[PDB]
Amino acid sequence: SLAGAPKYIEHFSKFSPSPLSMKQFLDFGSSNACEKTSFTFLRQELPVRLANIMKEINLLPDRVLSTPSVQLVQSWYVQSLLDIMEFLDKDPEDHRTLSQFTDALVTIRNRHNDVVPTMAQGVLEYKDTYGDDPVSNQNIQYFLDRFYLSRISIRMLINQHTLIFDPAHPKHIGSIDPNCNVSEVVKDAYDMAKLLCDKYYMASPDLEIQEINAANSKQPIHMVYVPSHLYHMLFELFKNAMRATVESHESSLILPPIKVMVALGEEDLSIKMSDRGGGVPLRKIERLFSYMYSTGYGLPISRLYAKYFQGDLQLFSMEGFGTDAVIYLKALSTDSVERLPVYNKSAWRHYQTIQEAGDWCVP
């Protein structure tokens, strides 16, 4: 009873995704009136977001698109879009519509659970089948950043709806904590990373945390954020910092600690993790965020989580000494706005590159 998927994809890809702020997410209520509004919003917005990214998948090199794992992920997106199309003519006033809608979103979330490693298998299939080439590699890098950020945003919308309209912390709004204690999340991530480090190395660096609350020196630092995302970033950073520290100190019984500073400024909430794990030459930094070289998407996905609400995650090393990693977040919920890729001329132009000599000299 549905139209062919391409007809829906073309229709919805004409719209731009609509970025929401953390404050907008937070201010959304839980009444039946609010549930109807979420329904009518999401039966438009989710198809817009699904269609936009599906259109970019089609711009990938034939080589990457031809891989079975990429085709598999594509087929999931198609079915998920069609699942939502079933709701276009349904009455929001009917309670069964709303309950059925929530069930459909859960089914979609589950269907897409393994998207990240499935796409990674696609990248490997491309490399194995054809060998890699720099042009395709740049396109893959550009696309995957956008694809995975898209996915993060779709999961955010779905989680907010299912959590609110279907508990450990009742004070949270869906997955959002209006009073996230940053140092507590740092400690939780450290604890879990230490378990792993201790298992493999029988030792781990200690943690030291310092807070700089610029405007209110005595006050513990809190923010509006999704604690699971913050935890994810910190856990990945701790794993890298711990491994560097232990491996660079094979001979020592004394390990330098990992030092974390949490700073709260007027605009930024910044978290720096400093290790003395011997560092890495500058030349090798970019590789850490590469889907190719690391095909372990922990660091690039962590940086996407940071970028998702207008933040960033940056690494600066001193070879021979150690490495600083900094998570930059927006301090204010009103500045914390979804960063969403959009399918348009500008996007389309990025996949329209070819092999040639660079604009810089080689000997």
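We call the rigid core whatever largest set of C-alpha positions still superposes within 1.5 Å between the two forms. Heads up: residue numbers just count along the shown sequence, starting at 1.
A fit on the rigid core, followed by a root mean square over CA positions in 8 other deposited structures of this protein, ranks 254-262 against 123-131 and picks 123-131 as the more shifted one. Between 133-141 and 208-216, the larger mean CA deviation from the shown form in 8 other deposited structures of this protein, after core superposition, belongs to 133-141. Annotation: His169 belongs to the positions left without coordinates in at least a third of the other compared entries, with flanking residues modelled.
Coordinates are given for every deposited residue between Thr40 and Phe41; the gap count there is zero.
Unmodelled stretch separating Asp166 from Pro167: 4 to 9 residues (count of deposited-sequence residues without coordinates). Once the C-alpha B-factors are averaged per stretch, 98-106 and 150-158 rank with 98-106 first. Between the stretches 226-234 and 85-93, it is 85-93 that shows the larger average CA temperature factor. Across the residues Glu211, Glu208, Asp133, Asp275, the deposited record lists the maximum Cα B factor for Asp133. Per the deposited coordinates, the residue with the largest Cα temperature factor out of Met261, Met292, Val78, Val280 is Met292. Among the modelled residues of its chain, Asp324 has a C-alpha B-factor that falls in the lowest third, as given in the PDB entry. When the CA B factors of the chain's modelled residues are split into thirds, the value for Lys239 lands in the lowest one. When the modelled residues of the chain are ordered by their C-alpha B factor, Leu46 lands in the middle third. In the deposited entry, the Cα temperature factor of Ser217 sits in the top third of values across the chain's modelled residues. Ranked within its chain, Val64 lands in the middle third, by CA B factor from the PDB record.
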